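> return atomic coordinates for the entry below.
(3 chains)
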Amino acid sequence: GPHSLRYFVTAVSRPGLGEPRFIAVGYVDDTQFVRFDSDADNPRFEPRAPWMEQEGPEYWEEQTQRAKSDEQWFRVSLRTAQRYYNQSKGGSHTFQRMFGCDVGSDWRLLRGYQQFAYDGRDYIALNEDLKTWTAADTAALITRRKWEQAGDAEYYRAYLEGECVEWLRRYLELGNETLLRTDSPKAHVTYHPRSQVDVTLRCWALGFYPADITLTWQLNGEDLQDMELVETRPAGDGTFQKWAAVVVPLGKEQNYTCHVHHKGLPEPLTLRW
Amino acid sequence: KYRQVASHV
Amino acid sequence: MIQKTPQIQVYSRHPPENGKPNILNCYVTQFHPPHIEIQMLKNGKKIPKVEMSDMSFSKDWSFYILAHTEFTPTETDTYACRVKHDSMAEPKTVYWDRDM
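Residues are numbered from 1 along each chain as shown, chains lettered A, B, ... in the order given. Structure data below:
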């Protein structure tokens, strides 16, 4: 079945107050496994899941060194972006990068990512062909041309195809117990008085992994009037939670049904009050 | 594994 | 450049039971820029040991973070999360509700 390795990296400039803060976080599927945070006295790349802890010093050394190279790159990029955009000096700005690989059942690279944002907006991104770049604007075009001259795409492609998938594979091995689990949601419906005419029904899905789920209300088996659907959220114990609420006329509660689709469900649930 | 950016912007 | 207002949910790890220890989460998402101040309060007083996850961001570039602390729900204790962010012309306080 499908899996992903992804890194999320951010530098924020703090002018007059020090060097930009630089953080990189690594995820395998929905699970965080590593970080580097420049805010430390002796910043090192660091484990963030139990199953990474037995990686030897050569792992953390190498990764540290690569994170620190990127730190310097991000400082240069912040300065350059500000120049290319004609922005007033001072001001805090952010540069972000998101990168990694997806695999299917396949263990051949299904998709690779190398994308960047300045101040929270697309700056440049490697397209799905892993050969060409989309520049978000006139500024990022300068960068694209420079990355074209250097042949950066092919270099990233070798990473995406080779080392990225190779290390995802190792990580799934190390974390196989946790990373490979399917926790199916426990769902129920709660009833809350609203007014002499109506009530709220809240459909919950609790304790599920991975995060992806579809949770919905129907009225007479047709889809579905306003519904409140909260953003999927961490329980903090490696499972997720979600609910969807609908305001219903008193005496027609039995008309409405909640539906939950999730990988760990043999058959999608239907709940009714 | 983390891979640093190859070339400057 | 464009500021994004944090969306906040305050909620317990397990369904809350009066008198039983539990974890209170304050999940703050979809904000920009990344500088944010997040406190959690019991009956209007700051809770001292509050853990924050590392900050990360979504596919859409927007930042998110989880604050969590221990709590014990009771009939009369109230809990809240208070967030300050430059997108907001004042701090936003969200009160924990049992029925979320």
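
> what does the stretch 151-273 of chain A put close to chain C?
A:190, A:192, A:202, A:206, A:230-231, A:233-237, A:241, A:243 (CB under 8 Å from any CB of the partner chain). Every residue, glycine included, has its C-beta placed from N, CA and C.

> next structured bit after the one helix or strand residue A:147 maps to?
Residue A:147 belongs to helix A:138-150 when assigned by DSSP states H and E. Using DSSP H and E, the next helix or strand after helix A:138-150 towards the C-terminus is helix A:152-159.

> tell me what the helix or strand just after that following helix is packed against?
Beyond helix A:152-159 in the direction of the C-terminus, DSSP H and E gives the next helix or strand as helix A:165-174. Here helix A:165-174 touches strand A:3-12, strand A:21-28, strand A:94-103, going by 3 or more CB pairs under 8 Å, 6 or more residues apart in numbering or on different chains; DSSP states H and E.

> repeat the analysis, applying 10 Å as the threshold.
With contacts taken as 3 or more CB pairs under 10 Å, 6 or more residues apart in numbering or on different chains; DSSP states H and E, helix A:165-174 sits against strand A:3-12, strand A:21-28, strand A:31-37, strand A:94-103, strand A:109-118, helix A:176-179.

> contacts only, for the spatially most central residue of chain C.
Centroid check for chain C by CA atoms, centre = their mean gives residue C:26 as the closest residue, at 2.3 Å. Neighbouring residues of residue C:26 by CB atoms under 10 Å, 6 or more residues apart in numbering or on different chains: C:8-11, C:38-40, C:50, C:52, C:65-69, C:79-83, C:94, C:96.

> redo that, cut-off 7 Å
Contacts for residue C:26 (CB atoms under 7 Å, 6 or more residues apart in numbering or on different chains) come out as C:8, C:10, C:38, C:40, C:67, C:81.

> which helix or strand contains the residue nearest to the first one when sequence neighbours are not counted?
Here the nearest residue to residue C:8 in space, its sequence neighbours aside, is residue C:94; by CB to CB, 6 or more residues apart in numbering or on different chains that works out to 4.8 Å. Take DSSP H and E as the rule and residue C:94 turns out to sit in strand C:92-95.

> returning to that earlier point: so is the residue nearest to the centre of chain C in a helix, a strand, or just coil?
strand (DSSP: H, G, I helix; E, B strand; the rest coil).

> need the max-distance pair from the residues of the stretch 151-273 of chain A next to chain C.
A:192 and A:237 (26.1 Å; CB to CB).

> who in chain B is up against chain A?
B:1-9 (CB under 7 Å from any CB of the partner chain).

> output the residues you listed as TSV; include the columns distance to residue A:104 and secondary structure.
Formatted as TSV, the residues of chain B next to chain A follow (distance: CB to CB, whole Å; DSSP: H, G, I helix; E, B strand; the rest coil):
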residue	distance to residue A:104	secondary structure
B:1	20	coil
B:2	23	coil
B:3	22	coil
B:4	27	coil
B:5	27	coil
B:6	27	coil
B:7	30	coil
B:8	34	coil
B:9	32	coil
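
> can you narrow those residues to ones near chain C?
Counting by CB under 7 Å from any CB, the subset of the residues of chain B next to chain A that neighbours chain C is empty.

> what's the PyMOL line that selects buried ones from those residues?
Here is the PyMOL command that selects the buried residues among these (16 or more other CB atoms under 10 Å in any protein chain shown):
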select buried, chain B and resi 1+2+3+5+9
